[PDB]
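Contents: one structure, followed by commentary.
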Amino acid sequence: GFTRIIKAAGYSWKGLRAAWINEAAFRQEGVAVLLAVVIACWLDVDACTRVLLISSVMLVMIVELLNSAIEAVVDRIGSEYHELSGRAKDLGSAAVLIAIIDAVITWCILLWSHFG
Amino acid sequence: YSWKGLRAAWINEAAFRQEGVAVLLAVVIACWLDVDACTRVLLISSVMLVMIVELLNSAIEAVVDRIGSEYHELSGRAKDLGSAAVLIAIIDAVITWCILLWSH
Amino acid sequence: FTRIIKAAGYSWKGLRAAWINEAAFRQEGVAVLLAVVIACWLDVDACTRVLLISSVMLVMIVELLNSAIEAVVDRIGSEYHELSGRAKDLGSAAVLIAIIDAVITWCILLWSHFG
């Protein structure tokens, strides 16, 4: 079904709008993302450098989204159950950090060869 | 664990079959074109990422369904959030191929 | 600046937990620093050096998200008394594709370099 694509596309924009509204950390990163994305589109670099500059930052977005989905499950569980170790939320937090450290290292290495 | 989940996602998820095709297709096309290593890697890694995310999405959807048969605001929020991550990976793959191939 | 310090602590607590508990994570931690060392020491261009480190770091990201899902299934599987590891499977499947992707990357990158 071709309409199945427009359906799953609907479920997506719903989760993008809901991430931007409820999740605060998603908003700040989205700023640094669209900035960096634009910067990459105007930097005089090669298609490999440009893609690597854009994708590394967009990975932060993807990971944060998966982190928000996990938290929504812990919150769901937290409504029925009383105690929460919050260890699942701690692991999803680390994943986002590693994505950021990655994008930072990516941008530095790529720009210090470029500007260097 | 590994092969049990890839055969489960293939038999069940229709969008995963379309990505499995896409991954292998990407590997081929990346190998045919006269491009350098980094280009070939980016051509493949981008599509493989879409698959990696879609698997994590289906993993979450599996948990949401196992928690309760009942839809909650927070459970619906979970599914939609993961479904959005897949889109970004798809778009990221689209951007990747465009920047690389327009330059070629 | 108070929310940022709070989140980074959650990340250290998460990293320290994954290290102590998950053996596969310790192997991947070794892999990252080793990937970094190998990628840097080789007279290698920027994009390749990034891709050599990025690909291995991506593995660590998926392993962490996987272990996060595993923790949720185990909170359920403790209070639900019903175990259908459909989720734990799909998680490990993702990490595998991350690893395959990493090997391919290192292959194609290092193959072209020494070509």
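Residue numbering restarts at 1 in every chain; chains get A, B, ... in the order shown in the structure tokens, and ligands count up from 1 in that same order.
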Exercise. Taking only C-alpha atoms into account, what are the residues of chain A at most 7 Å from chain B, put as a PyMOL selection string?
Worked result: chain A and resi 11-16+19+47-48+51+55+62+65-66+68-70+72-73+75-76
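The list of chain C residues within 6 Å of chain B is residues 87, 89, 90, 91, 92, 93, 94, 105, 108 and 109 of chain C; this uses only C-alpha atoms.
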Check every residue of chain C for an atom within 8 Å of chain A, counting only C-alpha atoms, and provide those that qualify as a JSON list (two decimals) with N, CA and C atoms, in the first residue's frame.
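Now in out-v9.json:
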```
[["chain", "number", "residue", "atom", "x", "y", "z"],
["C", 7, "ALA", "N", 21.90, 17.08, 33.44],
["C", 7, "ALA", "CA", 21.79, 16.07, 32.39],
["C", 7, "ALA", "C", 23.11, 15.32, 32.19],
["C", 8, "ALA", "N", 24.22, 16.05, 32.24],
["C", 8, "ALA", "CA", 25.54, 15.46, 32.05],
["C", 8, "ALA", "C", 25.89, 14.47, 33.16],
["C", 10, "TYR", "N", 23.58, 12.59, 34.65],
["C", 10, "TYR", "CA", 22.79, 11.43, 34.27],
["C", 10, "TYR", "C", 23.53, 10.59, 33.22],
["C", 11, "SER", "N", 24.30, 11.27, 32.38],
["C", 11, "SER", "CA", 25.07, 10.60, 31.34],
["C", 11, "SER", "C", 26.31, 9.89, 31.90],
["C", 12, "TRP", "N", 26.96, 10.50, 32.89],
["C", 12, "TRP", "CA", 28.10, 9.85, 33.54],
["C", 12, "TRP", "C", 27.64, 8.66, 34.36],
["C", 13, "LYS", "N", 26.51, 8.82, 35.04],
["C", 13, "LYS", "CA", 25.90, 7.76, 35.83],
["C", 13, "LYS", "C", 25.52, 6.60, 34.91],
["C", 14, "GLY", "N", 25.05, 6.93, 33.71],
["C", 14, "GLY", "CA", 24.69, 5.94, 32.72],
["C", 14, "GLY", "C", 25.91, 5.23, 32.14],
["C", 15, "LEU", "N", 26.94, 6.01, 31.82],
["C", 15, "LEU", "CA", 28.18, 5.45, 31.28],
["C", 15, "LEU", "C", 28.90, 4.56, 32.28],
["C", 18, "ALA", "N", 26.88, 1.28, 32.53],
["C", 18, "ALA", "CA", 27.09, 0.42, 31.37],
["C", 18, "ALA", "C", 28.47, -0.22, 31.38],
["C", 46, "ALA", "N", 41.17, 13.76, 6.44],
["C", 46, "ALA", "CA", 40.18, 14.13, 7.45],
["C", 46, "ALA", "C", 38.93, 13.25, 7.45],
["C", 47, "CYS", "N", 38.29, 13.14, 6.29],
["C", 47, "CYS", "CA", 37.01, 12.43, 6.19],
["C", 47, "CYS", "C", 37.13, 10.97, 6.62],
["C", 50, "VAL", "N", 37.61, 10.66, 10.40],
["C", 50, "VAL", "CA", 36.32, 10.86, 11.04],
["C", 50, "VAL", "C", 35.48, 9.59, 10.93],
["C", 54, "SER", "N", 33.89, 7.68, 13.80],
["C", 54, "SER", "CA", 32.44, 7.80, 13.84],
["C", 54, "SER", "C", 31.74, 6.45, 13.83],
["C", 57, "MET", "N", 32.10, 4.75, 17.03],
["C", 57, "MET", "CA", 31.36, 5.45, 18.07],
["C", 57, "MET", "C", 29.86, 5.23, 17.93],
["C", 58, "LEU", "N", 29.40, 5.08, 16.69],
["C", 58, "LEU", "CA", 27.99, 4.79, 16.41],
["C", 58, "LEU", "C", 27.59, 3.48, 17.08],
["C", 60, "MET", "N", 28.79, 2.28, 19.86],
["C", 60, "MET", "CA", 28.61, 2.58, 21.28],
["C", 60, "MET", "C", 27.26, 3.24, 21.58],
["C", 61, "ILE", "N", 26.79, 4.06, 20.65],
["C", 61, "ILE", "CA", 25.51, 4.74, 20.81],
["C", 61, "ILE", "C", 24.36, 3.74, 20.78],
["C", 62, "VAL", "N", 24.41, 2.81, 19.83],
["C", 62, "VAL", "CA", 23.35, 1.82, 19.66],
["C", 62, "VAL", "C", 23.36, 0.80, 20.80],
["C", 64, "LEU", "N", 24.27, 1.48, 23.84],
["C", 64, "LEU", "CA", 23.72, 2.20, 24.98],
["C", 64, "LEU", "C", 22.19, 2.27, 24.92],
["C", 65, "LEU", "N", 21.66, 2.62, 23.75],
["C", 65, "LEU", "CA", 20.21, 2.64, 23.55],
["C", 65, "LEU", "C", 19.63, 1.24, 23.71],
["C", 67, "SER", "N", 20.90, -1.21, 25.68],
["C", 67, "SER", "CA", 20.92, -1.50, 27.11],
["C", 67, "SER", "C", 19.85, -0.73, 27.86],
["C", 68, "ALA", "N", 19.46, 0.41, 27.30],
["C", 68, "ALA", "CA", 18.36, 1.21, 27.85],
["C", 68, "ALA", "C", 17.03, 0.49, 27.68],
["C", 69, "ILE", "N", 16.83, -0.12, 26.51],
["C", 69, "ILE", "CA", 15.63, -0.89, 26.24],
["C", 69, "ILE", "C", 15.61, -2.15, 27.11],
["C", 70, "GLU", "N", 16.76, -2.79, 27.23],
["C", 70, "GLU", "CA", 16.90, -3.98, 28.07],
["C", 70, "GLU", "C", 16.50, -3.69, 29.51],
["C", 71, "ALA", "N", 16.80, -2.49, 29.98],
["C", 71, "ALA", "CA", 16.45, -2.10, 31.34],
["C", 71, "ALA", "C", 14.95, -1.94, 31.52],
["C", 72, "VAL", "N", 14.27, -1.50, 30.46],
["C", 72, "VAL", "CA", 12.82, -1.30, 30.51],
["C", 72, "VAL", "C", 12.09, -2.63, 30.49],
["C", 76, "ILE", "N", 9.60, -4.27, 33.41],
["C", 76, "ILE", "CA", 8.37, -4.96, 33.06],
["C", 76, "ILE", "C", 8.46, -6.42, 33.47]]
```
Exercise. Hey, which of C:55, C:2, C:48, C:66 ends up closest to residue 24 of chain C? Count only C-alpha atoms.
Worked result: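 Of all the options, C:66 lies closest to residue 24 of chain C.
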Exercise. Between C:79, C:115, C:110, C:63, which one has atoms that come closest to residue 97 of chain C, using only C-alpha atoms?
Worked result: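 Selected residue with least distance to residue 97 of chain C: C:63.
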Problem set entry | Atomic distance atom CA of residue 83 of chain C - atom CA of residue 25 of chain C, expressed in Å with one decimal |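 Those two atoms sit 24.3 Å apart.
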Problem set entry | Exercise: residue 107 of chain C partners within 10 Å, only C-alpha atoms, chain neighbours under 4 positions left out, as a list in words |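 Once the nearby chain positions are removed, what remains is residues 37 and 41 of chain B; 52, 101, 102, 103, 111, 112 and 113 of chain C.
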Saved selection, atoms kept: C-alpha atoms, as a compact mmCIF listing (two decimals), in the first residue's frame:
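So the final result, stored in out31.txt, reads:
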```
# COMPACT_ATOMS: atom_id res chain seq x y z
CA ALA B 37 36.20 5.31 -0.25
CA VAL B 41 31.10 4.55 2.89
CA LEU C 52 37.01 5.51 11.16
CA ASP C 101 28.48 -1.13 9.16
CA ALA C 102 31.63 -0.46 11.19
CA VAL C 103 33.55 -3.39 9.66
CA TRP C 111 41.48 -0.98 1.75
CA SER C 112 41.51 2.21 -0.31
CA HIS C 113 44.24 3.73 1.87
```
Exercise. Got a sec: who's within 12 Å of residue 35 of chain A, counting only C-alpha atoms, leaving out chain neighbours fewer than 4 positions off, as a PyMOL selection string?
Worked result: chain A and resi 28-31+39-42+53-54+57-58
Exercise. So how far away is atom CA of residue 104 of chain C from atom CA of residue 35 of chain C, in Å?
Worked result: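 Taking atom CA of residue 35 of chain C and atom CA of residue 104 of chain C, their separation equals 14.0 Å.
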